[PDB]
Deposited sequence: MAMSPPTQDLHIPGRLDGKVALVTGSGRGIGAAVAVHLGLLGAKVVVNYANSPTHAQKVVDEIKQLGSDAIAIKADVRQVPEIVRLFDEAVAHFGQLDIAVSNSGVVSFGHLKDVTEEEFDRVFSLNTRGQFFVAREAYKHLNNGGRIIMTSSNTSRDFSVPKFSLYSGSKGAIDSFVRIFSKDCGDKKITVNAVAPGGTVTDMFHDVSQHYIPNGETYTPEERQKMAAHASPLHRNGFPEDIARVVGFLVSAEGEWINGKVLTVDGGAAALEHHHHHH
């Protein structure tokens, strides 16, 4: 009885996996039988619950605090991961922040807060992933359906921050080929997390939420484990021949 997309005796790291989409990727890869490094930066207990979750279903994990806005903290994060589990097969760039505002009101402090994590951060996560990763490995980065599909106004700073991700992946896949490493991006849609709720107020968390379901031909919201399942396939052996691509997981939204 053939079991697909498994990751047994493979190590995976997932920036900002304490809560939200990243935490499901952390678990899924754990379920499909990867050992998992669960990076957080502000949510220490949240991360220890994800380490706990992955252990209960028969694989190992350690949480590692790191601000991935800080390239040396990223060097240490990858340096520490390989120190612990011995190697690293999978690196998922998940960590991100949202911003809202009309072009006229967007400040220098605000451009940077956003770009420092979502774009520079993810790029430098990807850098140390290539240096630290084994041959046949997997980088995965997170964009947004807004990058180019969705056209939310007063969403320019955020969308641009992920538009750069869209352009990194097709080229990274050329560069990363000489360690036989595939690079792909996932562009989630409206995944239900603390972030989705902060961007719906633009009332109740769930009342707002109940509108977005009436917009997917599948009449439900996207949830973190809907994106996780697409990253699990992509970091599997099976899905090696998807390379340099931005997958969009929105449900037809």
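Coordinate coverage of the deposited sequence is interrupted at 1-9, 212-218, 270-279, where no C-alpha atom was modelled.
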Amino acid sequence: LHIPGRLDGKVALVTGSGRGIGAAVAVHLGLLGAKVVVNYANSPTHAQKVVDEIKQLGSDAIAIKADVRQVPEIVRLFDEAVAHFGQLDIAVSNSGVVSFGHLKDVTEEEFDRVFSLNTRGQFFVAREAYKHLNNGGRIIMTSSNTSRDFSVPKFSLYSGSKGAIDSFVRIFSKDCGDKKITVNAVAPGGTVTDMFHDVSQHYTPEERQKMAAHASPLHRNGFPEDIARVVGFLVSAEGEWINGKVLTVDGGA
From here on, numbers count along this sequence of modelled residues.
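Taking the mean C-alpha B-factor of each stretch as recorded, 184-192 and 215-223 are not equal, and the higher mean is that of 215-223. Taking the PDB entry as given, 143-151 carries the higher mean Cα B factor of the two stretches 143-151 and 124-132.
The PDB entry assigns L157 a C-alpha temperature factor belonging to the middle third of its chain's modelled residues. For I21, the recorded CA B-factor ranks within the highest third of the chain. Only modelled residues enter the ranking. Looking at the C-alpha B-factors along this chain, the one for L88 belongs to the middle third.
In the deposited entry, the Cα temperature factor of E80 sits in the top third of values across the chain's modelled residues.
Among the modelled residues of its chain, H28 has a C-alpha B-factor that falls in the lowest third according to the deposited record.
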